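Below: one structure, written as structure tokens.
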Amino acid sequence: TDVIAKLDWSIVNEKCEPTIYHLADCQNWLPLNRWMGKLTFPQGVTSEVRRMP
Amino acid sequence: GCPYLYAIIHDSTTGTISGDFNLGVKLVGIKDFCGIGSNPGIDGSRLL
Amino acid sequence: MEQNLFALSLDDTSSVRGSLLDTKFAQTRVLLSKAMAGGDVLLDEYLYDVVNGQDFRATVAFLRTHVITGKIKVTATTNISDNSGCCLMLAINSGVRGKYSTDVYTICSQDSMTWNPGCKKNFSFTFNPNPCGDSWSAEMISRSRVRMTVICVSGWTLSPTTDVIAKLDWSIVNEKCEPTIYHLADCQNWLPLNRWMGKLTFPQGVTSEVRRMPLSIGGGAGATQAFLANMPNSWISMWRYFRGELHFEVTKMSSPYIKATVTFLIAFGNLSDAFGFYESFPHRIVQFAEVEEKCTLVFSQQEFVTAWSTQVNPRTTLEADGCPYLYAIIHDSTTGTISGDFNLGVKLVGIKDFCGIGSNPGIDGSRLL
């Protein structure tokens, strides 16, 4: 049957911190969360390979 | 001339039920990033 | 500038060392049918030939090293759904002649490896191509014609949607290669035989089930109008009687879906099939977790009053038999939500504190199981 998933929105006790992007050429760490793709591998002994830019 | 992240099947996907072996690949971040010179730009990009 | 060349980093004789990356010298692709109940020969081939195509970091150095110092690590990759079983085996042997038996009992006498891709994803181990040295070369196993094999011991309890394949990662790992020679010393600290005991088959249903295995593993195993035997088993046949601590490796080759509780023990032959009170004899009860694949059975000296005949005459009634038997009884009842059988691989790996008694004149062939 169709199913459902519940959500429990709560305001937890944690400090809210900012996440800003600089133009500093050298960065200790920079987050991008850029998706790379949905890899799809069909069954069988097919010779399979995928490239991501 | 630019690197690629490769995903190769070592052995072979399989199962006792019709289906596909999907994989979500997400680049979360770059540690010790290093940006070189300003980019003039270039319209759009490869499609995947 | 110029320089003298007779004395350069050119006469290097040292064995290949490094990471499992510079050590990978061979990758063989071996396929599996969509259906193979048992005894199928997935792939047979001389060891040295496994390199033919290959071209990895280590490949080149593999051939060109006169004397290797490390064992070979073979690693298979292959997984199948939780609701399906199967059992494979990779076994190397020093040599082969004529139309040999590809059966299981024949190949697992030397270095072998068994497993179920249904519960344990990838299997691997290390072996020594030169069974009596501590060194070996590429040209070595090529000439002495070292043959390795791959077989299916028990079919799929359920068929996969498509054919599948399992890859192999041949590497020369950093481990000392040690010999494994058989003496004629009547008293031995430990003696390995790896003599297979049989493929136990338990049909579903509440059927009253029991199986006996001869502790008189002399002469070899059965076969129509002929017996086949590996070197080890064939060798222990050298003695009349014997005894010692028995070790056993019982493997599950059926889908973890096929649940069943089996109980083992040592008892004699005259025992009825409708006995029931086996549970009054010293025993070991065996269950299998959804994943557990192997279970080791140890039977100390206290389960045998005295030594027993290595091999007894084939035409011997089951009640006239006076030599122990390894018993496998169903405690409750095999079961499942899918048609299939609960197969069990029983292999006698070795005897601790072995004791061989007097030379055996011999006796042609042997009981058939």
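Order of the sequence lines fixes the chain letters, A, B, ..., with proteins taken first and strands second; residue numbering starts at 1 for each chain. Side chains included, hydrogens not; waters and symmetry mates left out as well; all remaining heavy atoms used.
Between atom CG of residue B:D32 and atom CD of residue A:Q27 there is a gap of 10.5 Å, rounded to the nearest 0.5 Å. Summarising the geometry, atom CG belonging to A:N28 is positioned 11.5 Å from atom CZ belonging to B:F33; distances are rounded to the nearest 0.5 Å. Here A:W35 contributes atom CH2 and B:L27 contributes atom CG; the two are 12.0 Å apart, rounded to the nearest 0.5 Å. Atom CE of A:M52 sits about 11.0 Å away from atom OH of B:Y4, to the nearest 0.5 Å.
Looking at B:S18, the atoms closer than 4.5 Å to chain A (heavy atoms on both sides) all sit in the backbone: N, CA, C or O. Heavy-atom distances place the backbone of B:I17, and not its side chain, under 4.5 Å from chain A. Within the 4.5 angstrom heavy-atom criterion, atoms from both the backbone and the side chain of B:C34 approach chain A.
Pairing each heavy atom of A:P53 with each of A:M36, the nearest pair is O-CE, 3.8 Å.
Among the candidates B:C2, B:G15, B:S45, the residue making the largest number of heavy-atom pairs closer than 4.5 Å to chain A is B:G15. Of the listed residues B:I9, B:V25, B:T14, the one with more heavy-atom pairs under 4.5 angstrom with chain A than any other is B:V25. Comparing A:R34, A:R50, A:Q43 by heavy-atom pairs within less than 4.5 Å of chain B, the highest count is held by A:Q43. With respect to chain B, the highest number of heavy-atom pairs below 4.5 Å among A:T46, A:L23, A:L30 belongs to A:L30. No other option in A:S47, A:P42, A:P31 has as many heavy-atom pairs under 4.5 Å with chain B as A:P42. The candidate from B:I36, B:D20, B:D11, B:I8 with the greatest count of non-hydrogen atom pairs under 4.5 Å with chain A is B:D20. Most heavy-atom pairs under 4.5 Å with chain A, from the set B:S12, B:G19, B:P3: that is B:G19.
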